[PDB]
């Protein structure tokens, strides 16, 4: 359980994603750093294939929970850091209500000194004039709490949560997330108790950037476990 020692300082991050939504292929590369002591993520993502065929906020959850800030009375429930440096596989099914769904498989692991998140995404059954392919979502992201439960029969964790995307007309697009995480190596991992992760986000643009891009600042903090007289 010596994986949390790798996140004591600032760790560079590399994010690479290859996507295909209704045949529209695209690639996204992101770079930055994570500060798990504060639960802070600072990243800049670039669509290297030109124009992103999906809204940037719909990829936020796909584009490194090992940088969450776990309180001292909850370090024994940090599965993500315990699986490092070998890392873990993160698979998700994101079903957009009245629209298509994403299928993602990611490998979050250490490659040298850089935390790397390499993802393969596939989107199926999307409407060409819907909120996704039609670019009808606002460029923002609300605060959310993601409940984490343990999966002993898979030696990992699972989680299901609903992301509420703001639509430009005033409505809300629901994105039902179903997540599974399993370690890559064979070492011991910490199987947590029931808790949740609190996440806040700020999206912005780089004024000196001409490519399609997203500047991201994110805070992730763990909670839900009563401290007590500890």
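Numbering follows the first chain given and starts at 1.
The stretch of deposited sequence separating residue 197 from residue 198 contains no residues lacking coordinates in this entry. Set 112 to 120 against 70 to 78 and average the Cα temperature factors; 70 to 78 ends up higher. As recorded in the PDB entry, 149 to 157 is the stretch of 149 to 157 and 92 to 100 with the greater mean C-alpha temperature factor.
In this entry, the residue among 218, 20, 209, 16 with the greatest C-alpha B factor is 209. Per the PDB record, 183 has a higher Cα B-factor than any other of 32, 183, 57, 53. When the CA B factors of the chain's modelled residues are split into thirds, the value for residue 37 lands in the middle one.
Sort the modelled residues of the chain by CA B factor and residue 163 lands in the middle third. Ranked by C-alpha B-factor against the other modelled residues of its chain, residue 106 falls in the lowest third. Ranked within its chain, residue 48 lands in the lowest third, by CA B factor from the PDB record.
The entry lists a Cα temperature factor for residue 62 that places it in the lowest third of the chain's modelled residues.
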